[PDB]
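Heads up, the thing below is written out as structure tokens.
Each reported figure results from applying straightforward, stated rules to the coordinates on display, with no laboratory input. Cβ: placed from backbone, ideal geometry, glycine included. Neighbour counts: every protein chain shown.
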Amino acid sequence: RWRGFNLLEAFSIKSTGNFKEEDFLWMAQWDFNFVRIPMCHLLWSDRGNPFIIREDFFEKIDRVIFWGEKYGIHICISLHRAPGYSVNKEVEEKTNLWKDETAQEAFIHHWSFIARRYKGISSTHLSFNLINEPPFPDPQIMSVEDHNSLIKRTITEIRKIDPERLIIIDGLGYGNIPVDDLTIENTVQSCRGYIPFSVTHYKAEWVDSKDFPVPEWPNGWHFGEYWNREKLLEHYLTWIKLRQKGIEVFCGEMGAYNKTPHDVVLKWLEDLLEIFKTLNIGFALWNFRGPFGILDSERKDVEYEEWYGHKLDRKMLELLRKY
Ligand SMILES: OC[C@H]1NC[C@H](O)[C@@H](O)[C@@H]1O
């Protein structure tokens, strides 16, 4: 079962691409075994021409794969921005990956490049997460069939190059809805652990959060609905139903932002992790270092432990380690 973090050094158009080896050392010493790498294709491509690939960028990803091997940490490479789609609003995509043949051609071009580069790296060490958080399947933007046909033909092209490559598929509705008609060999579907937004995204600048209620748990609030541990259990039970079709599931992003009081964060995260352990669902916290992380999270109500120049939320870490 995968347990770990997302690392963001290739996440943004302003990112350096230089991941920190000590992140891998420390999470290995804390007995974690998984990292997801959400990548912004513009770091090696172009806004106007989605077929540009600057191969030199991937020397940085080569290092991540080496460190994954060195420290026993599986690497999941993800396209967080691809031609025609990203949830990140720092750049507006002028095309629509879900409908536009040219964007889909470029999408496959990029994944074919990546598949070819790492064909020699086994799926024990490396998986591909094709696209981060597709939206709800409003067919005027992305139908269920739009999504499934694109994923299917992308997997086909990847596996002509590397037949054994493990593929991770995000749920629809921003990683929250299982995908019914994708029963493809050697795939995993990825859900999310941000429910409820009143706890996890309180005062978040990048969503419309101004009318969220004061955080509390239980009885947190999520797009009009109130949530508790039993409701979380029901939700993730619908996810592990995919195992009856030979599909594994895991939670590719989870956590709470750094303006939520710590007592609420810990009560909510404990409940989520109790459910994930109950149902044997793996997880990745959205940050290692950062606002959603166990390190350098800039919370005002935490007694941070020294961690080699960083600030460690020990209670959050130990919750993760025990589940
Ligand atoms: O995919 C990463 C993305 N997931 C959705 C979260 O709200 C956001 O904070 C994060 O940047």
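Quick check on my link table: of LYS70/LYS245; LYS152/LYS245; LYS14/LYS300; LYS20/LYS94; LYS267/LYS322; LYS210/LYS300, which ones sit more than 24 Å apart, alpha carbon to alpha carbon?
Correct reply: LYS70/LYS245; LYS14/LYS300; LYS20/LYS94.
Evaluate the Kirkwood expression for the hydrodynamic radius of the stretch 142-192, namely the inverse of the mean inverse distance over all pairs of different C-alpha atoms, and round to one decimal in Å.
Every distinct Cα pair counted, the radius reaches 11.3 Å.
With N set to the residue count of the chain, report its C-alpha Rg divided by 2.2 N^0.38 Å to two decimal places.
0.95
As a check on your grasp of the helix formula, calculate [θ] at 222 nm for the chain: sum -39500 (n - 2.57) over DSSP H runs of n ≥ 4, divide by the residue count, round to the nearest 500.
Taken over the chain, the calculation gives -10000 deg cm²/dmol.
Compute the long axis of helix 59-71 from its Cα atoms, compare it with the longest principal axis of the Cα atoms of the chain, and write down the angle in degrees, 0 to 90, nearest 10.
50 degrees
What's the local net charge at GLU92, with K and R +1, D and E -1, over the other residues with C-beta under 12 Å away?
Overall, the nearby charge balance is +2.
When the Karplus curve 6.51 cos²θ - 1.76 cosθ + 1.60 is applied with θ = phi - 60°, which whole-Hz ³J(HN,Hα) does each residue of the stretch 248-256 get, with x for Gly and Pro?
Couplings: 8, 10, 6, 9, x, 8, 8, x, 10 Hz.
In the stretch 1-62, which chymotrypsin sites (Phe, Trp or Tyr not before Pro) fall in coil by DSSP and have 12 or fewer other Cβ atoms within 10 Å?
Answer in residue order: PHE51.
For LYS160, give me every one of the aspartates and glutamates with a C-alpha distance below 20 angstrom, ignoring sequence neighbours fewer than eight places off in its own chain.
Filter leaves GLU105, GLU185.
Could you tell me which of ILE195, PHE212, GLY4 has its Cα farthest along the dipole of the chain towards the positive end, charges placed at Cβ (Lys, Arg +1; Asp, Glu -1), taken about the Cα centre?
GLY4
For the stretch 192-274, treating each Cα as an identical point scatterer without solvent, what Debye log10 I(q)/I(0) comes out at q = 0.12, 0.26, 0.27 1/Å?
Once normalised to I(0) and log-transformed, intensities are -0.36, -1.29, -1.36.
Applying the Karplus parametrisation 6.51 cos²θ - 1.76 cosθ + 1.60 with θ = phi - 60° to the phi angles of the stretch 146-153, what ³J(HN,Hα) value in whole Hz is obtained for each residue in order, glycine and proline being reported as x?
Result, ordered by residue: 3, 5, 5, 5, 5, 4, 4, 7 Hz.
Hey, can you grab everything whose amide H is under 5 Å from the amide H of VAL188? Only 5+ residues off in sequence or another chain; H modelled, so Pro and N-termini drop out.
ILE167, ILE168, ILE169
Can you give the percent of C-alpha pairs in the stretch 62-195 whose distance is more than 17 Å?
59 percent
Please get the size of the charge dipole for the chain, origin at its Cα centre, with Cβ charges of +1 on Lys and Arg and -1 on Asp and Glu, quoted in debye to the nearest 20.
Dipole about the Cα centre, nearest 20: 500 debye.
If I build a Gaussian network model for the chain, linking alpha-carbon pairs within less than 10 angstrom, which residue out of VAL87, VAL249, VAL64 has the largest mean-square fluctuation?
For the chain, modelled as a Gaussian network with Cα springs under 10 Å, the answer is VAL87.
Which trypsin sites (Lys or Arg not before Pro) in the stretch 1-82 pass both tests, a DSSP loop state and at most 11 other beta-carbon atoms within 10 Å?
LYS14, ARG54
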